[PDB]
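K.L.:
Take this structure, written in structure tokens, and hold onto it; I'll ask about it next.
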RNA sequence: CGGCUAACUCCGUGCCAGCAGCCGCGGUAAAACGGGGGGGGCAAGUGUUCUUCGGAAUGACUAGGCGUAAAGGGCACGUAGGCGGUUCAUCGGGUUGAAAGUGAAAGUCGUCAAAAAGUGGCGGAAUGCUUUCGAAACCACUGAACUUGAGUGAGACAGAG
RNA sequence: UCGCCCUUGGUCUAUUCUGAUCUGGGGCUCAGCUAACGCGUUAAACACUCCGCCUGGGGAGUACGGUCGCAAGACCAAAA
Ligand SMILES: [K+]
Ligand SMILES: [K+]
Ligand SMILES: [K+]
Ligand SMILES: [K+]
Ligand SMILES: [Mg+2]
Ligand SMILES: [Mg+2]
Ligand SMILES: [Mg+2]
Ligand SMILES: [Mg+2]
Ligand SMILES: [Mg+2]
Ligand SMILES: [Mg+2]
Ligand SMILES: [Mg+2]
Ligand SMILES: [Mg+2]
Ligand SMILES: [Mg+2]
Ligand SMILES: [Mg+2]
Ligand SMILES: [Mg+2]
Ligand SMILES: [Mg+2]
Ligand SMILES: [Mg+2]
Ligand SMILES: [Mg+2]
Ligand SMILES: [Mg+2]
Ligand SMILES: [Mg+2]
Ligand SMILES: [Mg+2]
Ligand SMILES: [Mg+2]
Ligand SMILES: [Mg+2]
Ligand SMILES: [Mg+2]
Ligand SMILES: [Mg+2]
Ligand SMILES: [Mg+2]
Ligand SMILES: [Mg+2]
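Chains as they are written, first to last, in the deposited numbering: chain G, 2 to 129; chain f, 33 to 409; chain k, 1 to 28; chain U, 2 to 128; chain D, 295 to 517; chain A, 2 to 205.
As structure tokens, then:
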């Protein structure tokens, strides 16, 4: 589901730079909504709603004008819990702001939370 | 910990460029205040006042209700279990928050977007700015539950023009937002549909100056004038009847006019009065008239004494009986400890106003940081 | 938008001015 | 210059950093900041009224009715077609039939027009 | 306050001349013949006085405590039928070592004259640059202006400045102490100056993040 | 509500009947499209009007210079009376009616000028730079907005639905309306009254 | 010791003799050739040649390109390969957490002591592999389903295919 | 991923003359991009997947070798 995740994150970025209030995402997945929950918690989007997640899912996102770039990795990238911080140093362009989203056995988490819980996994992407 | 994830959901925080908003989100109880909600609110407002990067603060409510008052069911179940400590702690926490709201160093704005009852007005009306909408309904039905209008409600009702504070505190009469502007209890007015406009405007102001915030609120607000059928067009009746010395004098005069003039407003006001406990009507009238000539720390002090006497069941159990009748059993027919007004004595109502600090006890008094806050309101 | 919605339940506030009708007569 | 932001924030940062002396208008802008509105998502809605099909059905008839449009006295009096459409709409909301609603509304309009015709005939007889 | 009163006297003189010119144009509109020509000559004399007085107010000022440095002096040329026409361009930067930086480009007949015109123009476009703890930038920044890619990296407090001369001069004059940098691609000095100013204005400070997201930003060693 | 009566007065001027095919940056001010027109929200018109009028009134207290630029001949008298009232003794009719036609009249205001003939009349630039410019240039016949943005001077202007982004970005106080005679009269009357009410509060 | 590059004058020569890493110097006033005088950088070294990396983002993973500058295959179809929707369930190969084994010494890094052009101890690192036991979100695999991408049908069409 | 004007072939709604939505083909343009010219929903924009190709000029699309072709030649394609 890497392609549709990158499609949705790019749709958000593109309508963000048009100054829009909301976007519609389709197709969606549970990975997409977990990425959006992490983005909403860090304040990059206002709110999001999931419609019909078990038949034909679409997501409405509420925008605020706060995200510069959201990217999904299109390749497999493993990271260990002791490896997360140096990866995030090399992956965020500012090396200060933004978050790397990791799929872990404890769930989909931002990179600081995954360091705190001492759990590694697969990098989904990042936003800043 | 992880057990406080419900309290952080009950009191949300929204952050803007130089401002913070506290949101009440307890939709089961219609945003009724519990002890952890008051503790979280007090912690948040203390931290925001200490922060020099925050210019002003906000208080909003989610849903159709701004705040329905205090959550009295927990206090009722605590009083049923013998110990009175939980009610005590809830009350000095709530009055401490009201005192913080009255003496707050930065501008504070309350958005009143629904029903406001009880201490819901007490956490917002001492503030610097107050925004009322077309869904805002303000009532004080504490006498009809067996309790008194505490949380500083004896401060701002007593300072209304005429004797309207007595009428509101005795009848539990609903006020609308336009009428609340007219009474001076609300500073600004806007429609419900226009609130995103004012909220976006207020959110990205980068000013500390209260004049700039006042000008912005007025510029984005709505212009309203009270209707002909408003309460304030009958203010002379309030000063004629509710200005009498005792409660029974008011009831007798209104009954005499209902016999002579057959005033429909008088009949409706009688049906409002007869549904209250006789004890708390007298305590309410005494505390409303006492609070006219004293400051906020004093008003909260004797309101705490009245509350701590009413929860100990010293002379009556009208608090527990009213709570049980109107919230638990829901038959809505309470039986007070004096059925009649004449049974209530002067010594019984002086037990609520007594200096309980003179009984060799310390936690029966309300603590307030008057030295550190150095009050100015 | 409350006030525009109220005032749209009225007569004709959506009447073109004289210059716009003049230019529309000009173009045809 | 290469600084970002609007005039107010750029000027505040320049004045605070002691780069430019403070202009006279800076306090006036801070006292009354320029207005801000929420994001609108750019989808402008076509303003449609429930009576509009009936008004356009009145356009499928005799076009010469009134000089109300170039009268230029007020923009708050309805013309004949709008009040016809409102009459049909409220009749439909009563529950009467549709074609009967147009028939009775047109007959009432024709009666009113003949009555003002005979009134103007009385004016001309007095003139 | 001497410049204040010497500007006020010229302002009052200019206002008096403008009132006199308005009155004489008013009496010229209804005047025909030789008196019209005499009023025309009187108006021309008044216009000459007003032009001279307006010239006398244009005194360029420099700011004390600022250092001005030459980045680039170039000989450019234009071709005519008589041969090549050669002029000089001067690019200069200025700064007060306290976050204020500016630049100007000027063209004249000689190199000295071009430098002088740029020096007079250099205080007219001043930016304020935010620094972290008066010694470095808040975060790593990468910008490009045309084909000049610029990288800047913050550094701890005993590192030093690692930069080429254009970037080093601009960062020194803005007050930085500990930055590493790299110019990638074209090293056009004027596009390098513009890329440096673009990079320093795209840094998001912790105050900026705190206002943008409505949340508290804390340094990690104070946590 | 009184606010409904205020909105009705704004609708009486016809300032909500904007031109079709609105730009992207104007749609925050629009209510909808009807009858081949862009319908403007008069509530946002009132809010922007209040902001502009309060900014101009606040400049009386600091004795700021306010320069009016009108390029429409329909509004000559209204803007002339407003400038006579606001600028006081420092009003010049020739400069107010001719100086905006010259490219560079603000960015090059110390340049010399020469008397030629009767001509299109001789006018010099302002001796002090203005602290605000109020613009009535619907057809963009002058370079006022570009020079004011170059010089860091605030601009109060009435914006049509078809204003370019390059012009809209440099207008500090936009007022979204159709510039009818009645709306320009109401705008200038409100500006005049606010300025002289603030000016009477100082003894002036 | 012209510029790049810190450091300049006199005499001799006169497109000669010569210099030269690059750009370039020398045809009578050469700071560029050769000598005198002075000066600059390094210093028991200092130049020259060879060789490697850097500067070189000049093979670009980090980190480049292909309209007009080098560079889109004349255009397709398809093999391998690479890449590619949703839900629920199962599983434990990859992934992930801990433990154990191994990762020789020397060298690199940290630190101290020693020593005075010399040594050593303890760590860290050695990004890996094997075994055991947890986790179950993702990838793979298995099962049941979904319809938004692909493909069919029915009914209408247009066309110098 | 803001729009405007045309046009090919359908469909729907029409309210007597037009709107809407697909489908290809053109012109112009807000942004954004571009060394510049310019491109711009049929991108040279914001991103991505897979393939082909480039690595200073000349020597040179030359020499050699293989395969293919009746030939003419073609494809892969150097170095000094
Ligand atoms: K294929
Ligand atoms: K076709
Ligand atoms: K073009
Ligand atoms: K596309
Ligand atoms: Mg190069
Ligand atoms: Mg040198
Ligand atoms: Mg010689
Ligand atoms: Mg040399
Ligand atoms: Mg020599
Ligand atoms: Mg390399
Ligand atoms: Mg490198
Ligand atoms: Mg690459
Ligand atoms: Mg290249
Ligand atoms: Mg390509
Ligand atoms: Mg091709
Ligand atoms: Mg080719
Ligand atoms: Mg699953
Ligand atoms: Mg596994
Ligand atoms: Mg070893
Ligand atoms: Mg060793
Ligand atoms: Mg060692
Ligand atoms: Mg068609
Ligand atoms: Mg098309
Ligand atoms: Mg290109
Ligand atoms: Mg291909
Ligand atoms: Mg060939
Ligand atoms: Mg061959």
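C-beta atoms are modelled at their ideal positions from N, C-alpha and C, and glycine is treated no differently.
Report yes or no: is there a C-beta of chain A within less than 8 Å of the C-beta of residue 256 of chain f?
P.N.:
Closer than 8 Å: yes.
K.L.:
Over the uninterrupted beta strand (DSSP E) stretch that includes residue 97 of chain U, give me the two end residues.
P.N.:
No beta strand (DSSP E) contains residue 97 of chain U, which DSSP labels as neither H nor E.
K.L.:
Going along the chain, which residues of its own chain have a beta-carbon closer than 7 Å to the beta-carbon of residue 489 of chain D, five neighbours each way excluded?
P.N.:
Correct list, in chain order: 437, 438, 439, 442 and 444.
K.L.:
Which of the residues in the stretch 18-52 of chain U, read from start to end, lie with their CB under 8 Å from any CB of chain G?
P.N.:
39, 40, 41, 42 and 43
K.L.:
Under a three-way DSSP split, which group does residue 144 of chain f fall into?
P.N.:
In the structure shown, residue 144 of chain f sits in a strand (DSSP, three-state: E or B).
K.L.:
Given a threshold of 16 other Cβ atoms within 10 Å of its Cβ, counted over all protein chains shown, does residue 205 of chain A qualify as buried or as exposed?
P.N.:
Answer is exposed; the Cβ neighbour count stays below 16.
K.L.:
Can you name the start and end residues of the beta strand (DSSP E) that residue 474 of chain D belongs to?
P.N.:
473-479
K.L.:
Closer than 9 Å between beta carbons: that is the criterion. Which residues of the stretch 234-247 of chain f meet it against chain A?
P.N.:
247
K.L.:
Can you give me the start and stop residues for the alpha helix (DSSP H) that residue 71 of chain A sits inside?
P.N.:
Element bounds for residue 71 of chain A: not the alpha helix (DSSP H) but the beta strand (DSSP E), 67-71.
K.L.:
Would you say the stretch 61-74 of chain A touches the stretch 86-101 of chain A, given that touching needs at least three Cβ pairs under 8 Å?
P.N.:
yes
K.L.:
Would you kindly report the start and end of the unbroken beta strand (DSSP E) that includes residue 133 of chain A?
P.N.:
133-137
K.L.:
Short of 9 Å Cβ to Cβ, which residues in the stretch 397-423 of chain D face chain U?
P.N.:
419, 420, 421, 422 and 423
K.L.:
Are the Cβ atoms of residue 340 of chain D and residue 308 of chain D separated by less than 8 Å?
P.N.:
no
K.L.:
Using the Cα positions of residue 117 of chain G and residue 197 of chain f, report the straight-line distance between them to the nearest angstrom.
P.N.:
For residue 117 of chain G and residue 197 of chain f, the distance between alpha carbons rounds to 56 Å.
K.L.:
Taking C-beta to C-beta, are residue 14 of chain k and residue 35 of chain A nearer than 8 Å?
P.N.:
Closer than 8 Å, so yes.
K.L.:
Measure the Cβ-Cβ separation of residue 39 of chain G and residue 120 of chain G and say whether it is below 8 Å.
P.N.:
With contacts defined as CB atoms closer than 8 Å, residue 39 of chain G and residue 120 of chain G fail to qualify as a contacting pair.
K.L.:
Is it the case that the stretch 2-18 of chain G contacts the stretch 90-109 of chain G, given that we only count it when at least three CB pairs across the two stretches are under 8 Å?
P.N.:
With the cut-off at 8 Å, the stretch 90-109 of chain G and the stretch 2-18 of chain G do not touch.
K.L.:
Is it true that the CB of residue 127 of chain G sits closer than 8 Å to the CB of residue 81 of chain G?
P.N.:
no
K.L.:
Listed from N- to C-terminal order along the chain, which residues in the stretch 425-444 of chain D have their beta-carbon within a distance smaller than 8 Å of any beta-carbon of chain G?
P.N.:
Those residues of the stretch 425-444 of chain D that come within reach of chain G (Cβ to Cβ, closer than 8 Å) are 432, 433, 434, 435 and 436.
K.L.:
In whole angstroms, what separates the C-alpha of residue 73 of chain U from that of residue 178 of chain A?
P.N.:
20 Å
K.L.:
Residues of chain k with CB closer than 7 Å to the CB of residue 36 of chain A, please, in chain order.
P.N.:
In chain order: 14 and 16.
K.L.:
Under 8 Å, Cβ to Cβ, is there at least one residue of chain A near residue 133 of chain f?
P.N.:
No, its Cβ sits nowhere closer than 8 Å to a Cβ of chain A.
K.L.:
Can the beta-carbon of residue 336 of chain D be found closer than 8 Å to that of residue 350 of chain D?
P.N.:
no
K.L.:
Suppose the cutoff is 6 Å on Cβ atoms and the five residues either side in sequence are ignored; what does the same chain contact list for residue 420 of chain D look like?
P.N.:
Around residue 420 of chain D: 394 and 396.
K.L.:
Using Cβ-Cβ distances below 8 Å, what residues of the stretch 4-16 of chain A are close to chain k?
P.N.:
4, 5, 8, 9, 12 and 15
K.L.:
Excluding the 5 residues preceding and the 5 following residue 110 of chain f in the sequence, name in chain order all residues of the same chain whose CB lies nearer than 7 Å to its CB.
P.N.:
118 and 119
K.L.:
Could you round the C-beta distance between residue 380 of chain f and residue 39 of chain U to whole angstroms and report it? I think they count as a contact, below 8 Å.
P.N.:
Contact flag wrong, Cβ pair sits at about 56 Å.
K.L.:
So for residue 101 of chain A, helix, strand or coil by DSSP?
P.N.:
Three-state result, residue 101 of chain A: helix.
K.L.:
The beta strand (DSSP E) that contains residue 55 of chain f, what's its start and end?
P.N.:
51-56
K.L.:
Return no unless some Cβ of chain G is closer than 8 Å to the Cβ of residue 508 of chain D.
P.N.:
yes
K.L.:
For the beta strand (DSSP E) that contains residue 92 of chain f, what are its first and last residues?
P.N.:
88-93
K.L.:
Select from the stretch 12-28 of chain G all residues with a C-beta closer than 8 Å to any C-beta belonging to chain U, and list them in chain order.
P.N.:
19, 20, 21, 22 and 23
K.L.:
Is any beta-carbon of chain U found at less than 8 Å from that of residue 454 of chain D?
P.N.:
Residue 454 of chain D does not count as touching chain U.
K.L.:
Could you tell me which whole beta strand (DSSP E) segments of length 3 or greater appear in the stretch 13-80 of chain G?
P.N.:
Runs found: 23-26, 48-52, 59-63 and 71-73.
K.L.:
Per DSSP, what are the beta-bridge partners of residue 109 of chain G in this structure?
P.N.:
According to DSSP, which records beta bridges pairwise, residue 109 of chain G is partnered with G:104.
K.L.:
Just tell me which of G:67, G:62 and G:36 has its CA closest to the CA of residue 105 of chain G.
P.N.:
G:36
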